[PDB]
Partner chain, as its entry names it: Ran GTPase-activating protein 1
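Only one chain comes next, encoded as structure tokens, the form solved without its partner chain.
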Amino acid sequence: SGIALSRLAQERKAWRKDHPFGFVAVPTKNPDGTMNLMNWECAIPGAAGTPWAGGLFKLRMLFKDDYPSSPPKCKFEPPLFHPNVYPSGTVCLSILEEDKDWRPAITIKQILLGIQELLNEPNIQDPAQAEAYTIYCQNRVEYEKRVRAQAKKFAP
């Protein structure tokens, strides 16, 4: 898709010029070794001073051929403990749904910062996994304890 590919080239140029520190966002390759702008390997650092500090959380971003009409699918690999991350790893966030708050102008940087903000502030009206949601609701201290253990697990 020429429209998608031209936008994704724009996004990559902008990302490389200015991105938030500690974040990664890199296109993958096709079986012939050429660049695949439709599938990016990304990583989000935990925010300092939070329970997520020191973790680096790997995420795949998958673009459909009609991008930027549609948002990318954003999937933690491996899946994470968080109330708004499905067991598959897929992120549930309103800016990431075409029929909710996605707008074509939203950039990859905005998406990744939006997901980082989600990590430290769950949306309890919108749960995506039972376990993290239940613990978040029942015992915030235990929730934080689990988040810290996960961040350690995913430290570089």
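Numbering follows the first chain given and starts at 1.
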*With reference to the PDB entry, specify whether the mean Cα temperature factor is higher for 98 to 106 or for 30 to 38.*
30 to 38
*Higher mean Cα B-factor in the deposited model: 126 to 134 or 84 to 92?*
126 to 134
*From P68, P45, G114, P51, can you pick the one with the highest C-alpha B factor in the entry?*
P51
_Record-listed C-alpha B factor of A25: chain third_ = lowest
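Only in words, not in the display: the form solved in complex with its partner chain, which the text now covers.
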*Out of 121 to 155, which residues reach within 4.5 Å of its partner chain in the deposited bound form, heavy atoms considered?*
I124, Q125, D126, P127, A128, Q129, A130, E131, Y133, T134, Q138
